[PDB]
Protein chains: 6
Amino acid sequence: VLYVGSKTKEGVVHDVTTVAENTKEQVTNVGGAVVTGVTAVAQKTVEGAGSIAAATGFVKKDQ
Amino acid sequence: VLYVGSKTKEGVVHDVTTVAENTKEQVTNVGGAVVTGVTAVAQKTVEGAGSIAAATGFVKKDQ
Amino acid sequence: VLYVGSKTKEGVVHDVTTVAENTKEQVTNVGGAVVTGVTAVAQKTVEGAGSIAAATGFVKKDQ
Amino acid sequence: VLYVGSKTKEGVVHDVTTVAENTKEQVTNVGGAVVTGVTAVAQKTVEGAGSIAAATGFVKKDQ
Amino acid sequence: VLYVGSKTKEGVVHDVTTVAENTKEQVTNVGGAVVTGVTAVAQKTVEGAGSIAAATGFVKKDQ
Amino acid sequence: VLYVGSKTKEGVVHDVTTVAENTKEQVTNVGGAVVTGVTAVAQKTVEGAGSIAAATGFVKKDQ
């Protein structure tokens, strides 16, 4: 790999706006996984067998 | 790898705005995983078998 | 690796704004994991089998 | 008038509840009359020609 | 008028509850009359020609 | 008028509760009359021609 005058963006997250006015939430979780907010995961490389990259609201109950 | 005049962004998170006015939340968690806020995970490299990168609101109950 | 005139950002988090006006939260957690605030994790390299990088609101109950 | 064992309520206002959650108002008044709150006027007797009893949000510009 | 064992309420206001959570007001008044709060006027007798009893948010610009 | 064993309430205001949590007001008044708080006026008798009893947020600009 060789860059020359390269304005590169590679594995990036940007400009994620979020507004919320007059909200009323309520959660009742039992052993689960509830996710309500903003999530911004930026990666470039993930290796490995059986791996997990960027898991939001994930439940794993394998044997 | 060889860069020359390279304005590089690689595995980056930026400019994540979030506004919230007149909010009313309520959580009742029992053994779970509730996530409500802002989360910004930036990585570049993750190795390994069976690894987990960037897990938000995750429940793991393997055998 | 060899850089020349390289303005590099690599595994970075920046510019994460968050406003909140007239909020009313309430949490009732029992053995779980509730997360409500801002979280900014920036890394560059993580190795190892079975590792966990950047876990927010995580519950692990393996055997 | 003559009362005997008289549990009288005469010209009364009571039990006016009002709840308000996650409100966002805005008023831009110019020479007028804006009214937004609770108003409870209880009277029993008003006399007189040309009088005005219990005027809410009233504009009078006679000649 | 003659009362005997008379539990009288006459020209009364009572029990005016008001709750308000996560409010955001804004007023821009110019020569007018804006009214936003609770008002409780209790009277029993008002006489006179041209009088005004219990005026909330009133604008008078007669000639 | 003659009372005998008379538990009288006459021209009364009572029990005016008011709660307010996480409020944000703003007023910009110019020559007007803005009113935002609690007001409790209790009277029994008002006489006179051209009088004004219990005026909240009132603007008078007669000729």
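Here are a few things to note about the model shown:
- Label geometry 7 Å along the beta-carbon vector: B:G50 inter-copy distances in nm: 0.5, 0.5, 9.6, 9.6, 9.6
- Mean sequence separation of contacting Cα pairs (under 8 Å, at least six apart), scaled by the length of chain F, corresponds to a relative contact order of 39 percent.
- Efficiency of FRET between C:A49 and D:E47 - r from beta-carbon atoms, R0 56 angstrom, step 0.05: 0.05
- Karplus-derived 3J(HN,Hα) values for the range B:25-39, using 6.51 cos²θ - 1.76 cosθ + 1.60 with θ = phi - 60°, are 9, 6, 10, 9, 9, 9, x, x, 7, 9, 9, 10, x, 7, 9 Hz; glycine and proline are entered as x.
- Distances between equivalent label points of A:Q63 across the copies, with each point positioned 7 Å along Cα→Cβ, amount to 0.5, 1.0, 9.4, 9.4, 9.5 nm, shortest listed first.
- Of all residues in chain E, the one whose Cβ lies closest to the rotation axis carrying E onto C, together with that distance in whole Å, is E:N22, 1.
- Between C:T17 and E:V1, the modelled labels are 6.4 nm apart [label points 7 Å from Cα along Cα→Cβ].
- A point 7 Å from Cα along Cα→Cβ stands in for D:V30, and the other copies hold the same point at 0.5, 1.0, 6.0, 6.0, 6.0 nm, listed in rising order.
Methodologically, a virtual Cβ is constructed for each residue, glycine included, from the backbone with ideal geometry; neighbour enumeration extends over all protein chains shown. Values in this text are rule-based calculations from the coordinates and carry no lab data.
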